[PDB]
Each structure stands twice: as C-alpha cells, then as structure tokens.
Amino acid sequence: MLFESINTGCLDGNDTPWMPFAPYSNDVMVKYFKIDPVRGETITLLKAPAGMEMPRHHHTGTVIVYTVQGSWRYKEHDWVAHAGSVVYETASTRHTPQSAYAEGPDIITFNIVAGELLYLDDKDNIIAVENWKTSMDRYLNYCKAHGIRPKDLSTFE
C-alpha cells in the first residue's frame, strides 16, 4: 500500500551529485532532485558556462525556471532572464536557450520540467528526446559508474 510510505521529503544539495549531461555535453552539468515517472516531471539544478548556445528544443508540457545565478535568454524572445527571475514556458512551444553574454558568471538554474524535451535540427527533425526515463538512466548510470548508492528519486517520501 503506497500511501502508508508517502510523506514530505528533503534532498540536500550534497546528497545528489552534480553530473555531466552525458553523452551530449561534458560542460553542461545537471543535479537531479526528483524524477516523477507517473506524470513525467523532473526537478533539477542545471549549471552551464557562459557564452554557450544550446540546441533548440520543442517541449511537450510546462517548464518553471528560477535563475539562481547568471543571465540567459531564448533566441525566439526579446527578454533576458537574470538571477532572481522566474520564466514560465508553456506547452508545445519551441526554444533555443543561450547565454546572455559571451563571458561572465556561469548560469545556474532551478528547473521544474513537466513532460519531454524533443531536441530539433535546423531542418526541424526530432534528433534527441529527454524525459524522466533518460533522466533516471543518466542518474543511475553515473551512480553505478562511481561508488554511489543511488537514492529513490521516483517516490515522494
């Protein structure tokens, strides 16, 4: 019976490792806090160095982004998200995230992503897909590669 085990949890910053966004990039780091397989939701911190244009992605659900530090923007919009701002991406929209400056502080963002991230080509083809399964595979692959007993980010406990 699952409800007997469900309760308010807390995962401290240094109880989940920072890890490279493999096999695509070694500079973009990610830290997984929650990976909900029922609704397909992930809660993460995402570190990225300055002056980096990232791939255009089509996202199926919503994305809440709180900028911890640094500045960034989408090539498709005329605004810049600074530290202390909140960006709310809506369903079935396309975005090309990138750094707001060629050099400066690294971009750290707290993200709550619902649904899958479908990465695209210039010719508009779907090349890669990131979801809770790919998030979990990466989290468990890094843990098993190192000597880290992995935590259950799937449950709410």
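One rule holds for the numbers: they count along the sequence shown, beginning at 1.
Annotation for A100: C-alpha temperature factor in the middle third relative to the rest of the modelled chain, per the entry.
Among the modelled residues of its chain, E89 has a C-alpha B-factor that falls in the highest third according to the deposited record. Sort the modelled residues of the chain by CA B factor and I43 lands in the lowest third. In this PDB entry, the Cα temperature factor of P17 sits in the bottom third of its chain's modelled residues, the lowest group. Residue-level temperature factors show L117 in the highest third of its chain, judged at the C-alpha atom.
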